[PDB]
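Going by the order they are written in, the chains are A, B, C, D, E and F; count residues from 1 in each one.
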Amino acid sequence: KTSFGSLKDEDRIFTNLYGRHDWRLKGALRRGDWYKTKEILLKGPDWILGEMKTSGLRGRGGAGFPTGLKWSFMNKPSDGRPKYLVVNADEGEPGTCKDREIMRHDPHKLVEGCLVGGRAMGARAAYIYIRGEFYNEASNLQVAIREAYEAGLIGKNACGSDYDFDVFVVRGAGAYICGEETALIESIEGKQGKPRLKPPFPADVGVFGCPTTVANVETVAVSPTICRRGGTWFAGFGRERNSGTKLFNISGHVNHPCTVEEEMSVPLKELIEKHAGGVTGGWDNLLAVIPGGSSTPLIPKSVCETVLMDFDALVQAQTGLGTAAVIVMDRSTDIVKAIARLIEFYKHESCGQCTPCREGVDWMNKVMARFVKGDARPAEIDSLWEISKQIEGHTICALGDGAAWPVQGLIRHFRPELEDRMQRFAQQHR
Amino acid sequence: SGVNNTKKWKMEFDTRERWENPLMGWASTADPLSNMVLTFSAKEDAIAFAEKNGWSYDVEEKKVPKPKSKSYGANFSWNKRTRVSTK
Amino acid sequence: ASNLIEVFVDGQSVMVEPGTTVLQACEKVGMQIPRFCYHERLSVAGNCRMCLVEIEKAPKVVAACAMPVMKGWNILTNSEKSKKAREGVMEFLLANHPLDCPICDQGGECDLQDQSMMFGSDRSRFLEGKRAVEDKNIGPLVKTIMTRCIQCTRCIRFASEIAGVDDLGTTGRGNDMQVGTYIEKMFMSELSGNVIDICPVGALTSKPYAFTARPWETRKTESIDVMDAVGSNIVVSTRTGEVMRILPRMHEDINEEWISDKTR
Amino acid sequence: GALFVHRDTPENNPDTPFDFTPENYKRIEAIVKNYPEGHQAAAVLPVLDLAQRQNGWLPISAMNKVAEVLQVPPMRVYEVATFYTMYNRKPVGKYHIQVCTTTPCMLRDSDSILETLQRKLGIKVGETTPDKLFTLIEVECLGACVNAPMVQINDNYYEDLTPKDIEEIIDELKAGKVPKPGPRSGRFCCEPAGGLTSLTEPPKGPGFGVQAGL
Amino acid sequence: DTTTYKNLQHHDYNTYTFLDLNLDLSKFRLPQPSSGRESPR
Amino acid sequence: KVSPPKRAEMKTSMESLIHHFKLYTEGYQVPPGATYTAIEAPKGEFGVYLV
């Protein structure tokens, strides 16, 4: 199929996204969950990993790495140490709400995916590191986990199989950087949320020094339905190498900001006009869009006209598909102030380990504040571009890249706006 | 942490008396061979130069640092004591 | 070649053991990679980012202090990408570093100054205001001017692993992250002037050796130590016929790199 | 705002009375059992959170008590408490209003919410009301961005709020009854505000679309 | 049935709900591996 | 790294102060080599053989 979108409700993988249909275990069994899971576990780890590889599911964390290959990193025999699955329920990126929605409205999908992924890797426990601000979501997840333990779906007989698994929930304490892979591992281990270098990879040294695999909530939540319904089906959705369904959050200046499940490779304009009710004032009033959450740069209306919603499509459009969090800005907004607020966010949420990210993102925050006021000079635009290029690729984790990229997008597209602000400031202060 | 000031063999003399000037409090000296750092590319060259000029010498061997096993993954050990508590 | 792997640096073809880092291979050939947080007797931190080097046919620079060489790598230590990385990291350090060099104590002993002159740029693009951090009262031996700390955690790693007191650490996040004790703590152990040694900047200086001399002034005499039967090797830094400072020497079989507080 | 240096005030000395309730001791035992037999220092974060939930804020005696219980260095406990932002190292109000001011929320006008809260409570930026039950602070993204004009009071999210909506929420809090958490002004959780456009039909039950051979 | 919100049991959660649920869950879990040490010291 | 910066830049900049300090304490490192430079001085050919 050349065109994508208009996903069928019977093909929606995240039924009960809107809080109906009794999120507890009885409603999960009515909607279809924990079905043939014993058959899946007895079918075994190699079959599950081959199912993931044939489905072609990619990380849904924003990373974009092939889930099947990443999970098949740990198909080794035993070492002496246990193995762990870790789920990232931190969801700290601006624009992103999908993990919160699925944890509070269909948590048994997350629990079943923890069990299936833990069996696929070969493991004894899944630590769900949830965000600290999601107290009600964490309590609902604990209610679901207690119901699964009472039903015998976890612990000493995984759904009647001879596999032993445990599911723990550990809450954060308010750090966006703890959504990172190794920083989350450190936060579980009880230190500060500072990411560690790679190598060693988490598949060799993770939490407590054990082989671990860190996976997104949406990834593990679509995992057991991928195993159950094939994977050729999941690859049938979406384009080549960008396959399946995706939870798009749409926020900002849209008529109905909402979280909706939609097929991959759907047009941005089609997605907004079909699910968000359109831009406030119209598609002509649309100025810019951030398609990923906050780590991805801007795309203006001109390229937003025809862009698709793939990793490859946004890479071609000099952006990325991160958490699929379409932030929409119409013409009646301060785009420089929005980008400066994003740099404020990255300055406040930097963990402070690397000198590049630490000092450079503080520097970016000050330069962007002066850009918003107008008291800069047009040479400082290229100076800020070089500061961004110095930050990017020179840090331990990708928060430095995710702070450099919105600056690069703003400089790339809305440079006459910055120059206009500077000349207006200069002529009004002289 | 720089090591460029090593790797050249220095010949120096024994330190003599540096007393205090009665007028100004400066450091007065009586021997001319006080600041006599001589640079040589090899220990045998320094030995030959000292023997040729007729000075008694004490030569001490080069103290290279020992090659050490370094692994970043030891900071997060599962059972060993090398696990750190702070990054 | 039993358990020996061939790695190239600038085309040279040195054999190293597995698990050898890029920095260790480069120093085995003879090149000293710039560093601020790596210390050969401390655990690898990898946070100062000064040791970023380019591997051939690899788009991303790697940290030489932590990355182990795999096989057939060609380490391009003097490439344009590596020089740009070093300039960027040095610029980021000196952006918020305070211009305290004359009133400082690392006059000719500053790794930050020397590596700036050798690998950083010659100018600053920083047009903003620098941060400032309130000082601590860590003891009568170590004077802490923590405004000029570069957050390299070397003192933290030393006091956790070698001294083993676990009293130093990082409090805060981002540019506000500070090194020290959260409480008013009197960090007084033996082997506690070695943080003055290993601190590359003048954040941790010697309080008795407050403002008395400069390294270019000091004549260095390599001697041994008494009042301890270990017999650790020291350097007496004198000036104008007066003993000014006692530094440690390097003897791997007696005292390694450091000495005790009594002999210091 | 808050300084990462303890000044040792009379109200926050390392002798202020802190100890866990016996049921909190049982909860700490459950947490330590959740972590493996080695690496019990991984329980620093939730035990410190439990101390905060018991005591309101987190004094230095509470931090030292958590360190003593878990046999962890107090400096490591201070590292955790200073690093993470949800730990209150100063006494806060009873309700602790947190207004998200990141980019999609300020696109949907969280500044009006913040200024109406400011003029409603009489506090400027980040201080406490005199009756010691409200502390208004700005925060970053709280994860509810499709419900962009939102706020967090203690553990509850109040979303899609007009200025009069946040005023009447504050009136309800001053009256004493806790207001209903969640998004107000029509939406249940996150659906579009024009009716359902996504699911709109009963979900298929078990066995639907099951591949053969499984 | 499908026209009403039904997550309303998150309304009546107290400050100790998560930890009480964890304490209730502590009896359902398998014995955990040891590192061979009381602590990393 | 060869010429000292201006005094205002030295008192307002970090790299400038570092370079001022190092040029006025150690001086610039000249790369190794030997040259003979001859200049038509008024008395005659004035030469410097620098190693």
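By our rule, contacts are C-beta pairs under 8 Å (C-beta built on N, C-alpha and C of every residue); 3 or more make two chains touch, one makes a residue touch a chain.
For each chain, UniProt lists the protein as follows: A = NADH dehydrogenase [ubiquinone] flavoprotein 1, mitochondrial; D = NADH dehydrogenase [ubiquinone] flavoprotein 2, mitochondrial.
When the partners of chain A are compared with those of chain C, the chains appearing in both lists are B, D. Distances from each chain's CA mean to the overall CA mean are smallest for chain A. Centre to centre, using the average C-alpha position, chain A and chain D are separated by 22 Å. Between the Cα centres of chain B and chain E there is a gap of 62 Å.
Inter-chain centre distance (chain A to chain F, centres taken as mean C-alpha positions): 55 Å. Chain B and chain F, compared by their mean Cα positions, are separated by 29 Å. Of all residues in chain F, none touches 2 or more other chains.
For chain B, the set of residues that touch two or more other chains comprises 72, 75, 77-79, 83, 85-87. Shared interface positions of chain D, defined as residues touching 2 or more other chains, are 34, 36, 38-39, 41, 46, 72-73, 76, 79, 83, 85, 155, 181, 188-189. Interfaces, counted as pairs of touching chains, are A-B, A-C, A-D, A-E, B-C, B-D, B-E, C-D, C-F, D-E. Those residues of chain D that touch chain A in the complex are listed here as 34, 36, 38-39, 41-46, 48-49, 72, 76, 79-80, 83-87, 101-104, 106-108, 140-148, 152, 155-157, 181, 188-194, 196-201, 203-211, 214. Looking at the complex, you find that chain B touches chain A at residues 72-73, 75-79, 83, 85-87. Residue ranges of chain C in contact with chain F, taken from their complex: 91, 94-95, 97-99, 101-102, 107-108, 112-114, 116-117, 120-124, 126, 216.
Touching chain B in their complex are the following residues of chain D: 38, 41, 72-73, 76, 79. Chain contact summary for the complex, chain B toward chain D: residues 78-79, 85-86.
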